[PDB]
Amino acid sequence: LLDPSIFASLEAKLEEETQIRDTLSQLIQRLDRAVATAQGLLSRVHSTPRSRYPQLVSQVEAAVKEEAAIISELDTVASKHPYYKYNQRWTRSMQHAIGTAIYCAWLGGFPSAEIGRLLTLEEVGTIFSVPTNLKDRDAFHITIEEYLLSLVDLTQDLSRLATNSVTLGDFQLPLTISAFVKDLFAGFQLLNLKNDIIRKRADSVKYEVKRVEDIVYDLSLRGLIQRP
Amino acid sequence: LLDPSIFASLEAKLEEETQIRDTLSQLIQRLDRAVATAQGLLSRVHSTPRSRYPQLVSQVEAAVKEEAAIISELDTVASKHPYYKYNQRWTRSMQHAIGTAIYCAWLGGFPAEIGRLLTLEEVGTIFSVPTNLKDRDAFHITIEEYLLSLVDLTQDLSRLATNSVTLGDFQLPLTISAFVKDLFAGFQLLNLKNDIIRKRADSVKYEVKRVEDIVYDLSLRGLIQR
Amino acid sequence: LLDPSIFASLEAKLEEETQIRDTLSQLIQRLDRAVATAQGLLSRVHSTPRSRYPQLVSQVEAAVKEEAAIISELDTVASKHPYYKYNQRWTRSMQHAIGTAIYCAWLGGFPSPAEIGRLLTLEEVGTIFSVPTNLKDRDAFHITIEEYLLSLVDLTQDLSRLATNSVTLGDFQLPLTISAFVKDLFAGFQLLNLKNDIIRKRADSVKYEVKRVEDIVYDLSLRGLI
Amino acid sequence: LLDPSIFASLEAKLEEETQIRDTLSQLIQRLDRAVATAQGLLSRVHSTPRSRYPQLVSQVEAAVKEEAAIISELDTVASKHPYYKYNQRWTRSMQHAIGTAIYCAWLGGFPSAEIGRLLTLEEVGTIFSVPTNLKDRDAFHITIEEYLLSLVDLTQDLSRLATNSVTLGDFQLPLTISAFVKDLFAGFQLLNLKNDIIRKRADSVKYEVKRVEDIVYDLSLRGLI
Amino acid sequence: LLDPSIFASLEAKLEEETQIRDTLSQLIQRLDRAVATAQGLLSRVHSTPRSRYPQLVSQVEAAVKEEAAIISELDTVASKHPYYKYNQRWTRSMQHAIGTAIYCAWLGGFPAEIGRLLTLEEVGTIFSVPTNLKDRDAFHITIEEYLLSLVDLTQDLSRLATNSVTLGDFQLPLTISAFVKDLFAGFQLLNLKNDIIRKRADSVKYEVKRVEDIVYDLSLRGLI
Amino acid sequence: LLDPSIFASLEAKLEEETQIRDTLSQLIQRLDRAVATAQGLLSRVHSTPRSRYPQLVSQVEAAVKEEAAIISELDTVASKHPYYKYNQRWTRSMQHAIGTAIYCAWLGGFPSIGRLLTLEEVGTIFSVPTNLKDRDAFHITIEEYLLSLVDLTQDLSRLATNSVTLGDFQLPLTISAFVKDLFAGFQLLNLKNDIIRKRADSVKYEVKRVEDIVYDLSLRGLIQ
Amino acid sequence: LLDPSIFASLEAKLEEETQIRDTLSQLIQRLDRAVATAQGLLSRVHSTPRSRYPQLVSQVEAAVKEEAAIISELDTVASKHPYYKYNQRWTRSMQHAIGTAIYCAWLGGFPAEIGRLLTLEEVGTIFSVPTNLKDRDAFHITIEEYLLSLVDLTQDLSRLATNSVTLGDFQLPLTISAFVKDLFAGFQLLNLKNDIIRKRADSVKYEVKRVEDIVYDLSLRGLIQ
Amino acid sequence: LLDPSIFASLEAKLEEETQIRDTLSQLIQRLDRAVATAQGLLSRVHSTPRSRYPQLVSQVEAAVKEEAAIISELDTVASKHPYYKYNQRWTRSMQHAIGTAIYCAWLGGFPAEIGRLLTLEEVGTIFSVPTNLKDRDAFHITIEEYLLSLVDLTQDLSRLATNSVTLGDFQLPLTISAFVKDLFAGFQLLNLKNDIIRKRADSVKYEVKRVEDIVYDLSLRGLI
């Protein structure tokens with residue numbers, strides 16, 4: 008006939024897989040709402056003068072910490088199972104959380130308000146209390162890829178921020194945004210990435226580079242920037 | 008602004024992943040050629056009489072054994088890296104090799131009895147690899163690979179039943195009917211979450227119908243024990 | 008700026024819908040396991056002589072009754088929420104359950129050895145499962161005419177398979193009963209006007225089963241077995 | 008042999024479904040034509056100065072009222088059958104009518130003029146004399162999803178309005194449009210939109226946000242505000 | 008600005024389109040019901056001996072005549088508008104009705131000599147509609163409909179031969195074999211250009227093989 | 008067999024249909040070449056100042072008249088066989104010719132910048148009926164007219180871009196007004212046919228393009 | 008500006024490429040028409056008894072030879088230019104020509131041994147062109163073309179077996195079954211790496227099953243032993 | 008039964024092609040890294056004044072020279088095999104390398131004479147490889163690769179002009195405009211037939227428009 012364990016152990020495997028999937032779904036939805044909260048808080052930068060950045064940043068610093076709470080729980084649960092089995096379920100949410108943290112620090116938060134600071138991957142790992150993929154460890158961690166993708170998203174956010182900065186009267190913030198996005202695009206081009214998805218999304222930074230360079234061009238043409 | 012350690016770590020990770028993927032590709036290709044050899048040897052069953060089975064079986068056994076050799080190397084490599092990071096590269100080839108081994112044993116190999135069904139553990143014994151590992155990250159054979167190989171074997175056995183009636187062996191379709199019916203019963207009684215495996219299991223119904231119609235034809239002519 | 012009631016009502020809707028979906032999912036999975044048990048039990052008819060039908064039927068009856076247990080629970084839950092908002096989640100399982108009950112009664116079960133060839137009315141199926149049938153003026157969990165007719169379309173295929181295997185088992189009379197049944201059912205389907213092109217296509221698909229059973233009876237008549 | 012009651016019940020069911028399909032279809036056609044009239048009336052805002060808005064608004068108001076009339080029939084019909092059995096057929100048309108009403112009120116219409134007013138779902142239900150968010154009763158009603166989708170479409174209309182305002186010499190209207198679309202996008206991102214279709218539309222709102230922000234940027238660059 | 012006559016003409020055009028669709032759709036529904044009745048009456052030939060053929064034939068004839076009634080009405084409507092604008096709506100139903108008529112005639116109807135093949139002209143006579151209108155735009159019956167109905171009739175007759183052996187009529191399969199063979203010969207000689215009708219006429223080879231296999235079964239058993 | 012009449016009638020039908028196809032295809036190819044001539048002449052509006060518009064117009068007019076001639080021949084052939092059996096062959100080319108005529112009149116041609136020929140005026144220019152009902156003959160449809168208008172909007176958007184390039188800042192304003200009003204009419208039309216509805220909603224991209232051109236011009240003070 | 012030599016060389020390259028296109032296309036058109044002639048000749052095997060196989064075979068042997076003539080000219084032309092620059096233009100036509108040749112020899116042509135499979139070398143002999151040319155750039159026939167033509171041959175032989183049963187030849191389907199079975203076994207032994215070729219070679223499974231079912235039905239009804 | 012020579016030749020073919028693919032892949036990866044380094048160096052031109060161009064150019068020159076060091080190796084390997092069998096694997100990387108070389112020379116490298135356009139033969143000399151090879155199968159540089167690198171260079175130079183206005187250099191946009199305009203004139207005079215090359219060459223019009231708008235702004239401010 009057919010040893011019943013063939014269809015029984017399979018059923019037990021699917022049982023436990025579905026249970027872990029549901030637990031991870033709950034965790035990921037909570038993290039997603041925390042990240043949405045931090046993103047909504049960061050959205051206020053588009054109508055907040057630089058002078059009132061310290062008030063916003065602190066608030067964002069709270070929301071990010073909230074994320075690091077849920078992530079912590081995730082770190083436990085996800086570490087009870089292989090990483091490469093259940094990754095690609097949290098990688099997008101973790102990338103967005105990393106993005107909120109990096110945006111917060113760029114606005115003068117999580118110091119270790131200096132606008133323009135780039136958190137290293139290790140600094141993001143410290144803020145979220147999780148290891149990084151700079152080494153291999155076979156546990157729950159954040160990846161270099163998540164970090165780079167979060168940076169790619171940050172460049173689009175920063176292009177929008179420069180456009181709105183010209184509206185708010187801040188004519189110097191577009192210049193630092195331009196320097197940041199230019200240097201990030203240079204690094205992305207020098208990384209020579211193999212994964213076609215991340216290589217494509219990093220090449221897509223050229224549009225943001227052009228947009229911020231055009232903003233600086235416009236400000237220079239009107240004498241609103243003291244460039245050489 | 009991007010840290011140099013990111014550049015260095017990404018370069019090293021690319022070197023390592025390229026080397027691992029090259030080794031896995033050459034191993035998987037060697038396994039696929041061995042599996043193709045065993046499959047071509049097994050395909051002769053469609054023109055080989057039952058009396059001449061023990062010859063072919065031995066010839067297939069050797070072929071299967073060859074597979075195992077390559078598999079034993081794959082293990083040694085694959086077990087040094089996370090299983091779920093690279094498993095999707097060999098799962099199809101491992102499934103095909105499991106299928107060749109099960110087909111060989113069904114024809115009387117790896118012990130006389132025509133219709134013997136290797137369990138997952140016997141397959142792992144033949145290939146010298148663990149089966150159904152959970153809390154241990156190492157190269158292994160999955161339940162899913164085994165069941166998919168069985169789904170393929172039912173189609174192979176339907177073809178074999180047709181060719182058997184052509185060759186004059188009227189009792190072999192009865193064995194094939196028993197096997198395919200029991201496999202379909204086991205599949206249907208336990209609805210798999212995986213809807214792709216469920217689709218493949220519904221695909222066994224057609225082979226059940228084919229073999230049952232062969233048995234019907236043979237019964238109408240009094241060629242089968244009732 | 009949006010009213011905070013938007014955010015509040017959306018989160019409340021999401022929580023409630025998630026709860027209802029989880030409850031209905033577990034109920035439907037239990038019902039599917041019960042229907043699978045009854046279907047496997049009925050599958051034994053392909054290897055059971057008519058003389059040993061009253062035994063099988065009893066088991067199937069028990070199996071069917073187990074379905075009616077879970078269905079009960081389903082009703083209690085599904086009737087608390089709008090029918091047409093969630094009916095697409097259980098309609099296939101309910102169709103399969105209706106099918107198992109109708110098949111059981113065709114083999115001699117659920118009367119009001130036994131008589132082969134009885135067709136349960138939709139009302140009788142509802143009586144068996146203790147659920148309303150064809151509810152037009154009440155939002156409550158019920159069984160639809162479409163589910164019943166689709167289960168009948170499935171029954172014609174199951175019965176064609178049964179006739180083939182009956183000839184295999186030596187029962188040359190059961191194919192005739194099945195031929196009469198399938199032909200009368202196809203006639204009733206032809207007289208039925210079905211707006212829904214899916215139901216109309218599935219009802220036209222009964223022509224292949226009619227042809228197969230007529231071919232079986234032809235084969236038996238040619239050989240002087242009828 | 009099938010029971011004759013099955014034939015009879017199936018025939019009766021099919022006749023009823025045909026009745027309801029025809030009635031709902033003629034009602035939805037008439038509502039869609041009223042919506043098209045109100046939409047064409049609203050389209051004049053791209054060529055009308057702010058000073059002449061009260062003339063257009065009233066004309067739009069009447070048109071919206073016309074919509075309500077047809078809706079009041081739809082309600083009466085649609086409430087006689089289960090909501091979730093036929094709601095798929097009018098949800099887009101009802102969303103469009105809600106959108107015309109919200110656009111009219113944004114332009115100063117349906118008061119209790131103030132440019133930029135956002136009708137609540139309850140106010141839309143009041144204008145159309147149908148309930149909203151009827152999460153506990155089987156009757157024709159208006160859903161939060163229809164309202165949010167109409168707002169998504171309103172942002173796309175308002176971006177064009179701001180562009181044409183700069184053409185028409187109105188440099189103060191793009192600013193209010195920018196504030197409105199920005200706050201609506203912020204509310205969209207903060208929402209528990211698990212329905213992926215609504216989530217994709219609320220994400221597509223980003224392009225309109227960028228367009229209006231670029232308009233305000235262009236006005237700031239030239240020292241016009 | 009667009010002319011108001013465009014809006015008015017479009018509105019009136021669409022109203023008339025909808026009205027013609029509704030009238031047609033209901034007429035096609037009634038024709039489909041009549042064709043289903045005649046088809047179910049004909050299906051009794053699988054459980055009726057040759058001796059009881061006349062009875063059944065009459066029952067089918069009336070049914071066919073019922074079709075004609077509806078078809079007449081269809082004509083009255085369909086001829087008022089361009090044929091080629093709406094022909095795709097009734098072509099399958101008319102093909103089925105022609106098939107029922109030809110089947111009734113094959114069983115000894117509309118003159130009990132079994133195996134009469136109505137050509138296009140007697141079909142048009144039975145349904146009181148023109149056939150193959152070349153340079154006339156009225157509701158008519160096409161050669162394609164006729165040939166497609168004949169292709170369907172071959173499969174029906176293969177089923178009839180299979181069931182005739184069950185009923186004991188060992189001679190009717192011979193007549194059916196001759197008929198299906200000659201019809202397949204005519205089809206192969208037609209050399210149809212459009213691919214659908216050519217494919218459906220080539221599919222007659224399977225029915226030819228089925229009836230020939232019935233005949234060979236009967237010959238092996240001396241039943242012939 | 009079946010009937011040799013079937014063979015003969017089918018071969019005659021095939022021969023006649025092939026002859027009609029070939030003559031119609033020759034006519035449509037000639038019409039397409041004439042439409043290409045008119046289109047190339049109209050393309051010069053992207054490189055011609057408004058002061059030099061009359062001459063071009065006259066030339067374009069001649070081209071359109073050429074079209075009419077071929078269309079006349081088409082009208083003579085197509086009217087011998089049923090419309091709705093061959094109209095799919097020429098509907099696209101006729102839509103393009105209508106578009107060229109409407110474009111010409113928009114530039115000032117066929118009188119008695133910015134004029135919209137009514138469907139009846141297009142029919143007058145090409146000497147063919149429009150919106151023909153209750154009569155089978157070659158004619159021009161409302162759908163062809165509206166599709167030609169859809170094409171004209173895109174061509175006019177390109178014209179506005181190239182007018183900004185040439186230094187003509189006033190013509191983009193007229194193009195904007197025209198495309199705005201045409202899109203408003205299109206939206207009020209409620210085209211049931213999904214093809215025409217999709218292609219008429221595709222006008223929103225052209226509306227946005229011309230409105231953005233006017234936005235750029237007004238920001239620069241080049242207009243207001 | 009841009010160097011004039013760039014213009015001159017690009018004009019010359021475009022002219023030469025166009026002339027090569029025209030020559031290759033006329034040669035390919037003639038070869039395609041000859042292949043179609045041979046294919047129509049071979050299709051008559053579905054209605055030709057074995058007793059009259061020599062006739063047809065000779066008629067095919069001429070047709071194939073005609074193909075070779077055209078191919079000869081192609082060779083010459085195609086050998087002047089790089090092979091891999093223009094090979095994708097004739098590879099399908101060469102595949103079909105090889106197919107007609109192999110079908111001819113299977114019926115008893117180019118030595130009545132029905133079932134003979136020509137080697138690639140024998141195909142090259144028939145068409146007077148090299149096969150599997152490595153480390154030399156000249157017009158040649160490839161292994162992949164030969165194997166693809168073999169797949170097509172199986173698809174034709176299935177139909178031949180069906181029509182042989184219809185004609186009354188019960189012994190030809192057995193030979194077709196043996197041939198197609200062994201060919202599928204060889205295909206599976208090859209482990210073709212190129213994805214399109216492996217897909218087309220696994221598509222032979224269906225033809226194998228069709229012919230095997232024909233043989234099953236024939237043996238069941240006591241027609242073949 | 009298939010000939011064993013088929014199996015043998017296919018296995019040998021596969022082994023040889025695998026080795027060639029792997030060698031070409033390592034060579035192309037090293038070339039891509041070198042081109043990425045040279046491109047990152049060149050990107051500094053958007054923050055470097057003209058006064059400090061010779062400092063950058065030198066750094067770029069070495070970079071480009073490093074590319075050549077890899078290309079030679081590629082040249083040695085690829086030339087052992089048919090060109091057109093494997094050219095698609097390296098054509099893009101070679102086009103990018105040619106782009107970096109032409110950009111370096113445009114900035115005053117490989118002779130500060132700003133605006134120099136390397137001929138195809140000069141690029142071949144820099145990379146020590148043939149150009150436009152006819153009548154010999156050897157690794158070489160194509161006219162298509164050169165022109166496509168030029169198409170990319172126009173986008174790079176439009177970005178450079180935008181940043182040049184910001185850095186204060188009001189004369190470099192003028193020379194960039196002259197260069198891009200002459201390149202577009204040549205592309206239009208080329209009448210390319212390959213749809214890919216013709217499309218990519220017509221895409222230069224956007225860059226022409228951008229640099230001409232820059233020059234227009236500068237002239238409106240009296241900086242020209």
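In order, the protein sequences belong to chains D, E, B, F, G, C, A and H.
Residue numbers 8 to 119, 130 to 245, in the deposited numbering, belong to the letters of the first sequence in order.
Residue numbers 8 to 118, 130 to 244, in the deposited numbering, belong to the letters of the second sequence in order.
Residue numbers 8 to 119, 129 to 242, in the deposited numbering, belong to the letters of the third sequence in order.
Residue numbers 8 to 119, 130 to 242, in the deposited numbering, belong to the letters of the fourth sequence in order.
Residue numbers 8 to 118, 130 to 242, in the deposited numbering, belong to the letters of the fifth sequence in order.
Residue numbers 8 to 119, 132 to 243, in the deposited numbering, belong to the letters of the sixth sequence in order.
Residue numbers 8 to 118, 130 to 243, in the deposited numbering, belong to the letters of the seventh sequence in order.
Residue numbers 8 to 118, 130 to 242, in the deposited numbering, belong to the letters of the eighth sequence in order.
For every residue, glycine included, the Cβ atom is placed at its ideal position computed from N, Cα and C.
Item                                                                                                                               : Value
Own chain, CB closer than 6 Å to residue 151 of chain H, minus 5 neighbours either side, in chain order                            : 158
Beta-carbon separation (whole angstroms), residue 200 of chain D vs residue 8 of chain E, contact threshold 8 Å                    : 5 Å
The region 45 to 60 of chain G contacting the region 176 to 187 of chain C, beta-carbon criterion three pairs below 8 Å            : no
Check whether residue 108 of chain E and residue 136 of chain E have beta carbons under 8 Å apart                                  : yes
Sub-8 Å separation of residue 27 of chain D and residue 93 of chain D beta-carbons                                                 : yes
Amino acids of chain F, ordered along the chain, whose beta-carbon sits closer than 7 Å to that of residue 235 of chain D          : 238
Where residue 150 of chain E meets chain D, residues with beta-carbon distance less than 7 Å                                       : 16
Three-state secondary structure assigned by DSSP to residue 242 of chain B                                                         : coil
Where residue 159 of chain H falls: helix, strand or coil (DSSP)                                                                   : strand
Close-in-space but distant-in-sequence residues of the same chain around residue 155 of chain C (CB under 7 Å, 5 per side omitted) : 89, 90
Contact list for residue 29 of chain H against chain A, beta-carbon separation under 8 Å                                           : What residue 29 of chain H touches in chain A: nothing, since even the nearest Cβ is about 14 Å away.
Three-state secondary structure assigned by DSSP to residue 149 of chain G                                                         : strand
Residue 91 of chain A at chain H interface by Cβ criterion, 8 Å                                                                    : yes
Residue 189 of chain H classed as buried or exposed, judged by whether at least 16 other C-beta atoms fall within 10 angstroms     : exposed
Contact test: residue 143 of chain D Cβ vs the ligand ATP heavy atom, cutoff 7 Å                                                   : Within the structure as shown, the ligand ATP is missing, as the structure has no ligands at all.
is_contact[residue 155 of chain A, chain H] using C-beta, thresh 8 Å                                                               : yes
Alpha-carbon to alpha-carbon, residue 47 of chain D and residue 202 of chain F                                                     : 10 Å
Cβ-based burial, residue 170 of chain A [other Cβ within 10 Å; buried from 16]                                                     : buried
Inside the region 71 to 115 of chain F only - alpha helix (DSSP H) runs reaching at least 4 residues                               : 90 to 93, 98 to 113
Interface residues of the region 180 to 199 of chain D facing chain F [CB-CB below 7 Å]                                            : 180, 181, 183, 184
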